[PDB]
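>>> Below: the sequence, then the experimentally determined structure.
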Amino acid sequence: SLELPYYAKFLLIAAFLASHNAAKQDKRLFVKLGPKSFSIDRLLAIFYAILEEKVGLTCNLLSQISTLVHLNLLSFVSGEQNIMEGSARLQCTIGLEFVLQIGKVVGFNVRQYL
Amino acid sequence: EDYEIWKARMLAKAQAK
Amino acid sequence: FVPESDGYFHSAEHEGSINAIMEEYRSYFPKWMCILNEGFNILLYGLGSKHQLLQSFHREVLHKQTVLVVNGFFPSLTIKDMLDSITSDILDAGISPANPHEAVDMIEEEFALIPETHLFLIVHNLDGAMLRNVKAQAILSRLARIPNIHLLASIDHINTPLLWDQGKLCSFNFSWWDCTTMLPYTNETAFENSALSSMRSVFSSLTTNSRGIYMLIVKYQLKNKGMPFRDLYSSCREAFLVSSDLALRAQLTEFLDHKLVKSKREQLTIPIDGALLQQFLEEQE
Amino acid sequence: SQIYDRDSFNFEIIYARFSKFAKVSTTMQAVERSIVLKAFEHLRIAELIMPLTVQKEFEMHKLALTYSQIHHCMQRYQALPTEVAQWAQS
Amino acid sequence: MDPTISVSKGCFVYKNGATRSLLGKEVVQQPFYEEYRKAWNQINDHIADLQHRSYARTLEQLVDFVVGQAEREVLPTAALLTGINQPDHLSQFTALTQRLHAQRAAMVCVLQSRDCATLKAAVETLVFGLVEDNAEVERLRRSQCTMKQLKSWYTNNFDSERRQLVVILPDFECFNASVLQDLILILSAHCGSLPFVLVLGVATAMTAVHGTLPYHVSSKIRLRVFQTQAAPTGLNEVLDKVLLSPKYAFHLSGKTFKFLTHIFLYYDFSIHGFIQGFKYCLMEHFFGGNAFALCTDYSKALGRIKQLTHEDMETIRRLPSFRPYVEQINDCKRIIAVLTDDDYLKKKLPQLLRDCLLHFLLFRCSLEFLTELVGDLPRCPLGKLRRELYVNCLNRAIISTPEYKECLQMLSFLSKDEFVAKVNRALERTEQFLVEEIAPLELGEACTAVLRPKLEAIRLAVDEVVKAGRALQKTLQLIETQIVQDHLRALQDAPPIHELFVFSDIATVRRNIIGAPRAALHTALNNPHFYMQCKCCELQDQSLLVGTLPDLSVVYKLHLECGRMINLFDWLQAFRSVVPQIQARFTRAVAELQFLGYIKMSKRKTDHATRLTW
């Protein structure tokens, strides 16, 4: 019963696709055991690939990244002293059923992109 | 148009009326 | 600005325009005081250096209030230094406690006692080199939440809001302003945060036997196009250039100190290409 | 541990190997995932499972027992059902 | 290079009378600041009243939980399923401490996550918070704050009396897991001796509580779950009861309303951020001059008109809605008496202000009528909520919209009984609203006297369609041409000088609330002509790379085209080919570009460059 903002939902399912879908495969899926690590640049690239509306980068989107980290939906496996420099690594910390519930309440299917 | 030239045209049309 | 994801997966007249730009930003100052009166904070995110604009705001407007200018682009400031600065200089309360959140607690409880004593806080480069962690931004957001403290700040790095979550952005009651000057970053890149001739200059300072040890290293590196310690020690003991092993070890440590020899594990390479070493050996003959 | 020669395990691996038994056990059909996770935490805090010193369901672990101790526990256990005692032999 | 910048110090103090109402009297005594302060104080007290009224049930349940534990080993604890927005519920916890201190049933310590990096610091802040809390109801050094001193301090005071020891943890997800587990085990060890209640601030779900608490920690826990309302529900309550309330003379435009609700629903569930955005909209509206001090109730507005100077009349003449009002005048002496006499307009202004206030009162009542008429229909084309029809009715003409035609079509398919029941529901709702909300407000008698005969005529047409398919079209036509056509106009078809009351300017407020630094840096590095307005730096196309550019933009245009790894030598030759001292300008461009984070130096490699933004 986790209610979230709209771009927070897209960012969270983009983080799930970044942590699950084998980062070599992102060339085939997006150009048109453990959860894998990902950088913030790959997460934003998957966000802009799955959004299909092209909202501009503002303060509130990266603030949503930081407050999804503070809500323990994402986590900092590595880095965390150099978040701004591009060397920080994140990982998603949810399961598939929550992602599918988010995809139901949004209207964006995830299993096509899985 | 600008407020100045609009007001001046309206006053000049009223004086010519 | 709507960036494309495919780029990641596939991998004079100027001075007059700058003066007009600076006058146009100088016109914003009474509106900035009216905005700071209502509890908002000013943030500037332009292209060029905004040091002179905030200095002009502190000079022309805040010439009588308590002002703590903080140079965040300084490579050696600490959040303890700013907290001790507030506590000792503004409030006369001594040195602040060693844990910074307790210091902000004491600053809140002391500023709650004195209304109509506003502290203006001008942080040049809020994303500065030692303010880029989560802790210093939490401290500055807790400081800016105080109604007595009014904050102005500049940001220049593009990844600045990655360290602000929604709580820090709710404490930082920002009013965002596009103060885009085209001035170059003279002060901000001047600090420490952002060779053949040196080798000759430190080689002229050495004595005779030190020069001979370095010429043995140069001749070995030029013949084999990192030499072991035992061959260097044998060649030094052959030409009577050293007395024992420990003097040679101290001499090679002095060579590491002045960046002439690089030690690897004992492999002793010179980080200089072979043609320049050949011209340098011709310089010594 | 006997199949992969004392390789490190996980909660997901052991829950997969347990769910392959529990669907055909007819005594363990109705167990939730959370109850098996709390039983895994009970094994972890009693130091029958030690970490290799990452999420709680994905940490790699080590068995702190020998096989002989588990084999003697299978003989000394009281009122062990025959389904578990047959799964223990193979 | 300046005396202000030092090589040793980083902070500089300019203390002027510091010890241990910012602006002057020239603006505070102005009328626009006074009316802005009054309107903001009314709206802030209304939102605080609504939030307290929303929280009071869960507050009563938490106080009953703590008192029921006081009437009575595991510690009792209370998971509070609060929302995403952590800064919003500190007022909820402050109200909980105030209600617990009012009955003197307990004494409360609030453990923030920043104070509890270790178990030592968590226990020390816990004991210090409880000791200083009871000290503040009616000082120990923090290294002497142990649990044995808490036991002796509790035995000294309250063992002769049983005061619970409530421990708030407002940010449950931000706590360290091991420190939290050890803290719960410590508080469970002292049950019986010391009565501990542990209310929580869990934000996401109960699965986080069940996951972060292991087998052994949760066995000493007797939790009971409470549920606070959702943030969109509180937003819809505030939007229906404050921003659409008829008692306030400051209305937002449809674009501004949609911008603020887009910020709430799409980015962050912070109603505090919505409050500050509405405060910035209110401030940007009211700071247009003393003419905008008229945006208040009627009699104070007449006093404000009698107070007005001449520049304020020049700002009511410059607004674009005044020009069609001057254009529709047929008389020629009347435009002379309006435009330059400055006293005939002073006599004219009460009629225009009364007409504007009456138009927005009729707009609110007619909006409520049409929301109850349309939103009960299936498929909801104009929307169910009052705010969506507010936005659609203010943005554009509602009748020419195809969605209104769809509403007429799907309302024409109805049977007789359901249709008459729906229109009777709209009638009784609008009559109840005119009784309860328009009547005590001034200029509410005129609004009721205008709107009530049309409501009686629609009720007579409802009786006519009861006593007699074809008459549903006549009922729809009376509804349209008595309510929707007249009192639900767009903002462009408003009365004259309606700007003093609406806030249409969304571009400046949008760029000042929403901050886009990367857009400004990208625009200043693509075309510098947009900011400087040079006669020579203008680019017909954004990748032209003209040679008279500023020194940074040549570097940015040379490295945007290349690959991820950036060699220094060929790009130095390219910058030499576009435009000694040129090496110093190139290295200075390297320093300016590395300062912004667009590249980073390849120290690991052979002194090359590595780009970070692609």
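Okay, I see it. Numbers count the residues shown, from 1 in each chain, chains lettered A, B, ... in the order given.
>>> and the residue nearest the centre of chain B, what helix or strand is that in?
Nearest to the geometric centre of chain B sits residue B:9, at 2.0 Å (CA atoms, centre = their mean). Assigned by DSSP states H and E, residue B:9 falls within helix B:3-15.
>>> Remind me what that helix packs against, helices and strands.
helix E:332-339 (3 or more CB pairs under 8 Å, 6 or more residues apart in numbering or on different chains; DSSP states H and E). Every residue, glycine included, has its C-beta placed from N, CA and C.
>>> What angle do helix E:332-339 and the following helix or strand past the helix it packs on make with each other?
Following helix E:332-339 in sequence order, the next helix or strand is helix E:344-374 (DSSP H and E). Here helix E:344-374 runs at an angle of 90 degrees relative to helix E:332-339 (axes from the mean of the first three to the mean of the last three CA atoms, to 10 degrees).
>>> can you pull the buried residues of helix E:344-374?
E:345, E:349, E:352-353, E:356-374 (16 or more other CB atoms under 10 Å in any protein chain shown).
>>> Longest helix of chain A, counting residues only.
Longest helix in chain A by number of residues, with DSSP state H as the criterion: helix A:6-20.
>>> That one packs against which elements?
Using 3+ CB pairs under 8 Å, 6+ apart: helix A:6-20 touches helix A:40-51, helix A:59-70, strand A:89-92, helix A:96-106, helix E:254-266.
>>> quick one: that helix to helix A:40-51, angle?
Using the same axes, to 10 degrees: helix A:6-20 against helix A:40-51 is 120 degrees.
>>> can you give me the angle helix A:6-20 makes with helix E:254-266?
40 degrees.
>>> Which residues belonging to helix A:6-20 are considered buried?
A:7-20.
>>> Kindly report the same for stretch C:65-75.
Result for stretch C:65-75 [16+ other CB under 10 Å]: buried residues C:65, C:66, C:67, C:68, C:69, C:70, C:71, C:72, C:73, C:74.
>>> ranges for the helices of chain D?
Assignment of helices within chain D using DSSP H yields the ranges D:11-22, D:33-45, D:67-76, D:82-89.
>>> and of those helices, who's closest to residue E:520?
Closest approach to residue E:520 among these is made by helix D:11-22 (46.7 Å; CB to CB).
>>> Quick check: the gap between the residue in chain A positioned nearest to chain D and chain C.
Residue of chain A nearest chain D, by CB to the nearest CB: residue A:34 (5.0 Å). If you measure residue A:34 against chain C using CB to the nearest CB, to the nearest Å, the figure is 24 Å.
>>> Point me to the helix or strand that includes residue A:32.
Using DSSP H and E, residue A:32 falls outside every helix and strand.
>>> Look at it and say how many residues are nearby.
Number of residues near residue A:32 (other CB atoms under 10 Å in any protein chain shown) recorded here: 8.
>>> Identify the residue nearest the residue of chain E found nearest chain D in space, chain neighbours excluded?
Nearest residue of chain E to chain D: residue E:215, at 4.2 Å (CB to the nearest CB). Leaving aside its sequence neighbours, residue E:215 sits nearest to residue D:41 (CB to CB, 6 or more residues apart in numbering or on different chains; 4.2 Å).
>>> Tell me how many other residues surround the one you found.
So residue D:41, with other CB under 10 Å, has 19 neighbours.
>>> residues contacting it?
E:214, E:215, E:216 (CB atoms under 8 Å, 6 or more residues apart in numbering or on different chains).
>>> Give me the buried subset of the residues you listed.
E:214, E:215.
>>> okay if I get the contacts of residue D:41 as TSV plus secondary structure and distance to residue E:520?
What follows is the contacts of residue D:41, written out as TSV (DSSP: H, G, I helix; E, B strand; the rest coil; distance: CB to CB, whole Å):
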residue	secondary structure	distance to residue E:520
E:214	coil	49
E:215	helix	53
E:216	helix	54
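>>> who's in contact with the residue nearest the centre of chain D?
Closest to where the C-alpha atoms of chain D average out (CA atoms, centre = their mean) is residue D:14, at 6.2 Å. With contact set as CB under 8 Å, 6+ apart, residue D:14 has these partners: residue D:40.
>>> Chain A versus that one, what's the distance?
Residue D:14 is 12 Å from chain A, by CB to the nearest CB.
>>> So residue C:121: helix, strand or coil?
Put simply, residue C:121 is strand when judged by DSSP: H, G, I helix; E, B strand; the rest coil.
>>> Go ahead and confirm it touches residue C:143.
Yes - between residue C:121 and residue C:143 there is a contact under CB atoms under 8 Å: 6.9 Å.
>>> what's the overlap in contacts for these two?
Joint contacts of residue C:121 and residue C:143 (CB under 8 Å, 6+ apart) are C:149, C:151.
>>> contacts for stretch E:260-272?
By CB under 8 Å, 6+ apart, stretch E:260-272 touches A:3-8, A:60-61, A:63-64, A:67, C:166, C:170, E:83-85, E:87-88, E:231-232, E:234-235, E:238-239, E:252, E:273-274, E:277-278, E:281, E:387, E:513-514.
>>> Mind listing the residues bridging to residue C:121?
Note on residue C:121: beta-bridge partners residue C:68, residue C:151, judged by DSSP bridges.
>>> Reformat the helices and strands packed on helix A:6-20 as CSV; add distance to residue C:238.
Output for the helices and strands packed on helix A:6-20, formatted as CSV (distance: least, CB to CB, whole Å):
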stretch, distance to residue C:238
helix A:40-51, 58
helix A:59-70, 64
strand A:89-92, 54
helix A:96-106, 73
helix E:254-266, 79
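>>> Residue C:242: neighbour count?
If we define neighbours as other CB under 10 Å, then residue C:242 has 21 of them.
>>> quick revisit: mark which of the buried residues of stretch C:65-75 are part of strands, please.
Under the assignment DSSP state E, the buried residues of stretch C:65-75 contribute C:66, C:67, C:68, C:69, C:70, C:71 to strands.
>>> right, and the last one touches residue C:124 too?
Yes - counting by CB under 8 Å, residue C:71 touches residue C:124, with 5.4 Å between them.
>>> Spatially central, which residue of chain A would that be?
residue A:15 (1.9 Å).
>>> roughly how far apart are the closest residue to that residue other than its chain neighbours and chain C?
Nearest residue to residue A:15, sequence neighbours excluded (CB to CB, 6+ apart): residue A:92, at 4.4 Å. In this structure, residue A:92 and chain C are 17 Å apart, going by CB to the nearest CB.
>>> Identify the bridge partners of residue A:92.
Beta-bridge partners of residue A:92, as defined by DSSP bridges: residue A:74.
>>> and it, what is it in contact with?
A:12, A:15, A:16, A:18, A:19, A:20, A:35, A:38, A:73, A:74.
>>> Can you name the residue of chain A nearest to chain E?
Counting by CB to the nearest CB, chain A gets nearest chain E through residue A:60, at 4.1 Å.
>>> Mind listing what's buried along stretch E:103-118?
Buried, per 16+ other CB under 10 Å, within stretch E:103-118: E:105, E:106, E:107, E:108, E:109, E:110, E:111, E:112, E:113, E:114, E:115, E:116.
>>> Can you give me the end-to-end span of that stretch?
The straight-line separation of the ends of stretch E:103-118 (CA to CA, to the nearest Å) is 33 Å.
>>> ok, it near chain A or not?
No - under the criterion of CB under 8 Å from any CB of the partner chain, chain A is not reached by stretch E:103-118; the shortest gap measures 9.5 Å.
>>> Any residue of that stretch touching chain C?
Yes - shown here: stretch E:103-118 in contact with chain C (CB under 8 Å from any CB) through E:114, E:115.
>>> ok, how many other residues are close to the nearest residue to residue C:17 once chain neighbours are set aside?
Sequence neighbours aside, residue E:532 is the residue nearest to residue C:17 in space, at 4.0 Å (criterion: CB to CB, 6+ apart). Residues near residue E:532, counting by other CB under 10 Å, number 23.
>>> Ok, the one 4 residues further on next?
The local packing count at residue E:536 equals 13, with neighbours defined by other CB under 10 Å.
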